[PDB]
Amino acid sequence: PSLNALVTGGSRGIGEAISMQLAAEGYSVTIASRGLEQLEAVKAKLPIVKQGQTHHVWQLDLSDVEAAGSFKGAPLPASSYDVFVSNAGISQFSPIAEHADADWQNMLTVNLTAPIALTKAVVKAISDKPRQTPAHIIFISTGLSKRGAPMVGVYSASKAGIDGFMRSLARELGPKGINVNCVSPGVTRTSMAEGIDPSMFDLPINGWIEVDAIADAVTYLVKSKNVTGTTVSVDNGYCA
């Protein structure tokens, strides 16, 4: 009964929270990102609550679309996964006129192109497997994909892309028993919010969101059966 979950960006931040909660719920968590020693440290702290439950690391750089799509170096085959949380990502703030090409192109690759490739691999491997209860693909998006802001043009594009991907995959994959959703965080207390503050946004709830709140939404989704094609916004009201 321990099912496998793949969580990109599980070495820190929201992805580590997500991985922690899924482990406490009995999932066997594969965490994937670049920083191998950090992934090892997280893996060693993920709880073990069920017989058979095993956690894994995958050193994967999402700049490398071919590696992502081919499950290069992955500890388990793509066919093993019942849950895929696409959480890794990069944010860059710049006027579009001054945004260095190597940077925004890299961000688009990590945030959109590599997730497409990973999703394709997982879907190919699991579409026709029999299941009692739905598999789950969950993308971590951002309030910025739905409400525009200055200086985040390509970032917003990348995540809006994910949202459109999600909607269409939900329609495609519902009849195969795969449910597909986004969780959309607001300003969360992670390294990604170094140099920004919740007060620069027009927020109904004026403060920081903890990583726990984002993982709570993921856990809600993974436990659900009738939710697909949607976003769950955990954003202190930003998109209101």
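When you see a residue number, it is the position in the sequence shown, counting from 1.
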Between 149-157 and 129-137, name whichever shows the higher mean Cα B factor according to the PDB entry. 129-137
Looking only at CA atoms, which has the higher mean B factor in the entry: 193-201 or 180-188? 193-201
Between 164, 143, 75, 115, let me know which has the highest C-alpha B-factor in the entry? 75
Go through 29, 39, 67, 214 one by one and give the residue whose Cα B-factor in the PDB entry is largest. 67
Of the three thirds of the chain ranked by Cα temperature factor, residue 21 occupies the middle
Among modelled residues of the same chain, the CA temperature factor third for residue 4: middle
Among the modelled residues of this chain, does the Cα B factor of residue 229 put it in the lowest, middle or highest third? lowest
Taking only the Cα B-factors deposited for this chain, tell me whether residue 102 sits in the lowest, middle or highest third. highest
What third of the chain does residue 93 rank in for C-alpha temperature factor, lowest, middle or highest? highest
